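Position in the sequence shown (first residue = 1) + 535 = PDB author numbering. A virtual CB, placed ideally from N, CA and C, is assigned to each residue, including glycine. Taking it in order: structure first as C-alpha cells, then the write-up.
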Amino acid sequence: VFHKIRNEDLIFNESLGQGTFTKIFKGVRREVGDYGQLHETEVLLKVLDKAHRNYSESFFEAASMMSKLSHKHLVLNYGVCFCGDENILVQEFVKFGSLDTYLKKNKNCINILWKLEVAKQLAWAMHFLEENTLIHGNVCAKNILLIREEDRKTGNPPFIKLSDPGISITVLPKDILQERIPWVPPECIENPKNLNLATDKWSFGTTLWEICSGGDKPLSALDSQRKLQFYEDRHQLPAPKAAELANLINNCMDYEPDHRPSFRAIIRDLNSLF
Ligand SMILES: Nc1nc(Nc2ccc(S(N)(=O)=O)cc2)nn1C(=O)c1c(F)cccc1F
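So, in C-alpha cells, the structure goes:
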C-alpha cells in the first residue's frame, strides 16, 4: 500500500503534457526524510481523473504491484495523493527524462556501445519482472528514463530506469491499443485477454528498434486501420538505423508468442555483441 501524501505537501510547477488518460506535471514534495530532515524533493506527478474509475483502479494497482518489487532499474514511487476529484501518483523525477526525447535532443550522437548498455539494463529489468511473473505491458522508449548520462572519464555507462506500467491494455479502448501498434503485440490486438509475459518480449523488440533508430517511432506514417492491417498481413519492422540489433529485434518480435526468447537468453545475446 502506497504511503499517503497530503495535497498540502505538493506544489505543482510545470505542465509536462499528457499520458494515456493522465496529466503529467513536475512539482515539489515537502517531506520529512532520513533523520527527520525536512526536504523539498523534486517529483513527477501523474494525475488520474477519479471519474474514470476503471482507468484509475488499473493504473494504481499496476503502479502498486510493481513498487512492491524494489529494483535499481525500476522507477521509485513515493506514494499517492487521494485528493478529491483526482488520484495522483507521486514519483521520482528522473533528471534526463525519456530516452526517445533524449536521443532526439542529442541528435543520435551516441555510439553502439551506449545503445547496448541501455538495452542490457532494460533486459535485466525485464528479467527481474519475468522471474516475478509480473507483466509490465507498456514497454517503450518513452518509458525508459535516463538517470545519468555516460561519463567517459570514469567509464560509467548511462543508467536507466523503467517507468510505471500505466493503465492496462486489458481495460483500454481498442482504438488506443491500435494506436499503440507495434508496441502492443498482434495477439493482444486479436484479444486483449492474450496479455502474457510474452507481451513484454515483443514490446522490448519494438523498444530496441526505437533505441537504434534515434528515437524515431516505427510505423508512424500508418494510421490505426493500416496498423491493424500491418499485423493481419504479418509484416515485420524494417531494420533500424543501427543494424547491429536487427536480428535481436526480429527474434523478439515473433508472431508466435511462445517462441519469443527469455530475457535471460536476450541478455546473453546482448553480451555476445561485445
Ligand atoms: N518519472 C519521470 N521523470 C521524468 N523526468 C523528466 C520528464 C520531462 C522532462 S522535459 N519536459 O523533456 O525537460 C525532463 C525529465 N519523466 N518521468 C516519467 O515517468 C514520464 C514517462 F515515463 C513518460 C512520459 C512523460 C514522463 F514525465
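Going by beta carbon distance, what residues of the same chain come within less than 6 Å of residue i, once the five residues before and after it are set aside?
i: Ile-645; result: none
i: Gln-656; result: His-608 and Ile-695
i: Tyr-613; result: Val-625
i: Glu-722; result: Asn-729 and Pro-792
i: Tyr-590; result: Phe-556 and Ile-702
Could you work out which residue in the options is closest to residue i when comparing CA atoms only?
i: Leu-680; options: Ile-695, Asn-667 and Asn-691; result: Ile-695
i: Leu-780; options: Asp-768, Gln-760, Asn-806 and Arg-761; result: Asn-806
i: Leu-743; options: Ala-676, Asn-731 and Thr-734; result: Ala-676
i: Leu-648; options: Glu-627, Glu-685 and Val-615; result: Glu-685
i: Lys-762; options: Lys-539, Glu-714 and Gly-701; result: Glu-714
i: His-671; options: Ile-711, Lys-581 and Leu-604; result: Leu-604
i: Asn-691; options: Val-653, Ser-738, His-538 and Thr-734; result: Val-653
i: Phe-594; options: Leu-732, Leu-707 and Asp-768; result: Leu-707
i: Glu-543; options: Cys-616, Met-601 and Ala-586; result: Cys-616
i: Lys-558; options: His-587, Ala-756, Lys-688 and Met-601; result: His-587
i: residue 503; options: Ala-660, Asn-643, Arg-769 and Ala-756; result: A query on residue 503 cannot be resolved here, the shown segment of the chain reaching from 536 to 809 and no further.
i: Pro-700; options: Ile-540, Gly-554 and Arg-687; result: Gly-554
i: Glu-592; options: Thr-705, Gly-632 and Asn-641; result: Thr-705
Please state if the CB of residue j and the CB of residue i are separated by a distance shorter than 9 Å.
i: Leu-583; j: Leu-624; result: yes
i: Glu-575; j: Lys-561; result: no
i: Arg-795; j: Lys-752; result: no
i: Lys-639; j: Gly-568; result: no
i: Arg-564; j: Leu-551; result: no
i: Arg-799; j: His-662; result: yes
i: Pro-720; j: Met-788; result: yes
i: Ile-802; j: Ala-658; result: yes
i: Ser-738; j: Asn-673; result: yes
i: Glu-745; j: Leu-634; result: yes
i: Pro-717; j: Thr-734; result: no
i: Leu-754; j: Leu-732; result: no
i: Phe-537; j: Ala-598; result: yes
i: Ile-724; j: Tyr-790; result: no
From which residue to which residue does the alpha helix (DSSP H) around residue i run?
i: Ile-670; result: Premise fails: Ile-670 is in no alpha helix (DSSP H) and is neither H nor E.
i: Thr-741; result: 732 to 746
i: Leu-634; result: 634 to 640
i: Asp-804; result: 798 to 807
i: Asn-785; result: 781 to 787
i: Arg-761; result: 759 to 767
i: residue 817; result: For the chain, the structure presents residues 536 to 809; residue 817 sits outside this window and is missing.
i: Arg-588; result: 588 to 602
i: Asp-710; result: 709 to 714
i: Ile-540; result: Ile-540 -> no alpha helix (DSSP H), and no H or E assigned at all.
i: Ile-724; result: 721 to 725
For the beta strand (DSSP E) that residue i lies in, which residues bound it at each end?
i: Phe-694; result: 694 to 697
i: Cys-616; result: 612 to 618
i: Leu-680; result: 679 to 683
i: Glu-621; result: 621 to 627
i: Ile-559; result: 557 to 567
i: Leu-772; result: Here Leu-772 belongs to no beta strand (DSSP E), and DSSP marks it neither H nor E.
i: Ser-550; result: 545 to 554
i: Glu-577; result: 573 to 584
Please return the same chain residues whose Cβ sits closer than 8 Å to the Cβ of residue i, not counting the five positions on each side in sequence.
i: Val-629; result: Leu-579, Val-610, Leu-680, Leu-681, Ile-682 and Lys-696
i: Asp-710; result: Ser-759
i: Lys-539; result: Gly-614, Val-615, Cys-616 and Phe-617
Tell me which residues share the same chain as residue i and place their Cβ nearer than 7 Å to its Cβ, disregarding the 5 neighbours each side in the sequence.
i: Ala-777; result: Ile-647, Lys-650 and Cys-747
i: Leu-808; result: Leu-651 and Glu-779
i: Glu-621; result: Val-582, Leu-583, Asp-584 and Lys-585
i: residue 811; result: The question about residue 811 has no answer, for the chain in this structure spans 536 to 809.
i: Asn-786; result: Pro-796
i: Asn-667; result: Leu-604
i: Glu-549; result: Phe-560 and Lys-561
i: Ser-698; result: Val-610, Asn-678 and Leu-680
i: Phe-547; result: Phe-560, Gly-562 and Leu-580
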